[PDB]
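So here's one chain in two forms, each on its own in C-alpha cells, numbered structure 1 and structure 2.
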Structure 1
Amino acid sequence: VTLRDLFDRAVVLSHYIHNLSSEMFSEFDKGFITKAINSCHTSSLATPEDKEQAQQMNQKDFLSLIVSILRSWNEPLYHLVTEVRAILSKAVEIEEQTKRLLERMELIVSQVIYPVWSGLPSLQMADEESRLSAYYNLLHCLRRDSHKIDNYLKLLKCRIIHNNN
C-alpha cells in the first residue's frame, strides 16, 4: 500500500524489463538501423531527454507520461506475441512484466490519453525484407522505451521516497 514498497517494486520491474528487451533485440540481430530512425510510436510524446529536463518536470506530469508510455506498449507487445507464434520466450515474459509494472504504476498515481501503435500490418508483411525492418524497429524501440522508463522510475524514487540522496 505504501508509496515505498511500490517504487521499490517498480524499479525492480523496470530494470528487469529493460534487460530482457536488450538481450532479445541483441539476439534478434543474427543495415537495418537505417530504417529504425524515427520509427517509434512513442516519438510523438513530450518526454524529457536530459537530467536537466527530468528535474524541471514535476511528479504529476512525469508519472502520467510513464503510464502512457506503458499503456502504449501492451498493444504492440501483445501482437508481437500473437504474431510471433528464446525470441518467442522473452516476449511472453515482457508482456507479463509490463502488465505488472503498469499495475504498480496505477497504484502509485492514486496516492499521489496515450499514443496508438499501428505497425501491425507491417509485421505481417509479404516481403521478408520489410518484415525484418518492422521487427527490428519494434525491438529497437522497446529496448529504447524500457531503458527510458527504468531510468525515469529510478529517478522519481530518489526524488520522492529519498528526497534526492
Structure 2
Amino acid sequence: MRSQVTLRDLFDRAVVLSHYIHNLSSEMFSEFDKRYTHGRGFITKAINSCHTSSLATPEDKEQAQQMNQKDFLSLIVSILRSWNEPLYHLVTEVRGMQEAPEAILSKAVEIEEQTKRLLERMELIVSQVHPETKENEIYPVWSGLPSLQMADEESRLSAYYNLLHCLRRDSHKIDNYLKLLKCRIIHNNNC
C-alpha cells in the first residue's frame, strides 16, 4: 500500500523485522531443542532437507553481491511466501490437540504474522525499485506435514527440530540479504 512510504523507510523497518524474526527463530529453536531433546538420544544431523534449498540462492556473500538485484529481491519474496504453509501448520499443529508448549506456540504465532508483515514490506520494496518485476507466483513447496503428524515420538520431534532449524537458517539468510541490499541501495554506494 502506502501511507507516505519511502524506500529508506521501507528498508528501515524491513531490517528491524528481519533481525527480530531471525532472533525469535533462534529463540524458538533453542527452546524446543533444550525443552524437547535435552534428556534424549535424538540425532542432531546438520543442515537437513530444507524446502527452500531448491531455489537458486547465493550461499556466499560475493555470490550475493555479484547477483542481479531484480532476481535477488524476488528470491527474498519466494522464500518468505514459502514459509506460509509450514508456519500455518506449525501453529495449527502445536495449537491443535497438542498440549503444553504455550510458550513455543506464543512464539510461532508471532513468527507467522511478522513474516507476512515482512512480505508486504518486501513486495513494496520491489514495486519501488523494480516495478518492471512481473507477478512473482514462484515459491518452493513444503512437504513436512506427514512427518509433523507421526505417532512415533522420535520421528515427529525431529521433524519439528528440523523445521525450526530450517526456519532459523532461512531467517538468517534473509537478514544477511536485506542488510546487503540496504547497505547498497540506501547507504554507502559504489557510485
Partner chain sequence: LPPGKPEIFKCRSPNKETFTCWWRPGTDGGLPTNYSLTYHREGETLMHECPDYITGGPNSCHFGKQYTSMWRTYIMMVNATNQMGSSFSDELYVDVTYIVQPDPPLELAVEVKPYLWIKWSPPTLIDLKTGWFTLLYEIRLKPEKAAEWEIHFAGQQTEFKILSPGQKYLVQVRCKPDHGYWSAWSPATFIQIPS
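Basically, rigid core = biggest C-alpha set you can superpose within 1.5 Å across the two forms. For residue numbers, the reference is structure 1: its sequence is counted from 1. Residues that one form lacks are left out of the comparison.
Between structures 1 and 2, only structure 1 derives from the form deposited with the partner chain bound. Annotation: the position in 107, 123, 67, 36 displaced by at least 2 Å at CA between the two structures, with the core superposed, corresponds to 36.
Here residue 55 exhibits a Cα shift of 1.0 Å between the two structures, evaluated on the superposed rigid core. For residue 46, the displacement of the CA atom between the two structures, after superposition on the rigid core, amounts to 1.0 Å. Taken over residues common to both forms, the rigid core alignment between the two structures yields 31-38, 163-165 as runs of three or more consecutive residues whose Cα atoms shift by 2 Å or more.
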